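Below you'll find only one chain, the form deposited in one PDB entry, shown as structure tokens.
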């Protein structure tokens, strides 16, 4: 809960799911910082009752999340209108857009090579650590994908959720049968039964890794949405991208076990990668913290 005068919207970052996301300046929201650049989530004038409820619900649920590898909620301006949901600025935006920019051909190439093996390991652990935290909170993401991971100024990757209705990744969703669903990221049991669990999140994590190593190509490229449903439910999974490191490939195969109970947990992933991460990882991670029991 934050005073309205402590927040100033500066510019549009882009359309969120039910409203515009702004970049703003926040006064005295973090201890030791007189100012902080922030992202500010708002709700459209054309948003429905159901959507406002989801918007506010998200803010409320995120009040209980504190993790270095999950996009943080800093505060809410809720007194009067409009509701401003203030969050940490992730300067480099979503991982899909970022990965696609790293393509040699890409017109918005930021002037740096594709991700190295060590950068891939670091990303993987950070994503897995954020998910491990969320799982400890009995949260199931339901839409884990590179497009929902976010990249900070220092290139730390964190779990986010833009929702499903951004125009830029429309084709990442299919209106199966009902509601929009990220079918190319979904576990076979989720496609069949409609159930989402931490284990189906793990499946999606496998797909995120595939995205990282393929610079965010479309999963099951040569298959239509209907074909993907049938392919995955019958035991199909993705092929390995070209020049994919063996270590990352091995993780993918763990994530894509048909039986969800054969898949690893997010804590197990971090445990596999822990030794090769940045020295700061133990000082910030959920995995190494007292909270992890």
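For clarity, a rigid core is taken as the largest C-alpha set superposing within 1.5 Å between two forms. Positions refer to the first chain, counted from 1.
Unshown form deposited with a partner chain bound; subsequent notes refer to it.
Trainee: Do all of 147, 179 and 225 end up near its partner chain in the bound PDB entry, with near meaning a heavy atom within 4.5 Å?
Mentor: Looking in the bound PDB entry, the three residues 147, 179 and 225 all sit within 4.5 Å of its partner chain (heavy atoms).
Trainee: Is there a heavy atom of residue 218 no more than 4.5 Å from a heavy atom of its partner chain in the bound PDB entry?
Mentor: Judged by the heavy-atom cut-off of 4.5 Å, residue 218 is in contact with its partner chain in the bound PDB entry.
Trainee: Check whether residue 210 has any heavy atom within 4.5 Å of a heavy atom of its partner chain in the bound PDB entry, and answer yes or no.
Mentor: Judged by the heavy-atom cut-off of 4.5 Å, residue 210 is well away from its partner chain in the bound PDB entry.
Trainee: Does its partner chain come within 4.5 Å of any heavy atom of residue 124 in the bound PDB entry?
Mentor: No, residue 124 sits far enough from its partner chain in the bound PDB entry that none of its heavy atoms falls within 4.5 Å.
Trainee: Does residue 183 make contact with its partner chain in the bound PDB entry, using a 4.5 Å heavy atom cut-off?
Mentor: Yes, contact at 4.5 Å.
Trainee: To test your reading of the superposition: with the rigid core aligned, which of 78, 97, 218, 109 moves its Cα by 2 angstroms or more between this form and the one not shown?
Mentor: Only 78 moves by 2 Å or more at its C-alpha.
Trainee: For residue 152, is the CA shift between this form and the one not shown at least 2 Å following rigid-core superposition?
Mentor: No, the C-alpha position differs by under 2 Å between this form and the one not shown.
Trainee: For residue 268, is the CA shift between this form and the one not shown at least 2 Å following rigid-core superposition?
Mentor: For residue 268, whose C-alpha is compared between this form and the one not shown after core superposition, the shift is less than 2 Å.
Trainee: Is it true that residue 14 shifts between this form and the one not shown by 2 Å or more at the Cα, once the core is aligned?
Mentor: Comparing the forms between this form and the one not shown, which are aligned on their rigid core, residue 14 does shift its C-alpha by 2 Å or more.
Trainee: Residue 142 and residue 164: do their C-alpha atoms lie closer or farther in the bound PDB entry than in the form you see, with a change of 3 Å or more?
Mentor: Relative to the shown form, the pair is closer.
Trainee: Residue 165 to residue 144, Cα distance in the bound PDB entry relative to here: closer or farther, by 3 Å or more?
Mentor: It is closer: in the bound PDB entry, the C-alpha atoms of residue 165 and residue 144 lie at least 3 Å nearer than they do here.
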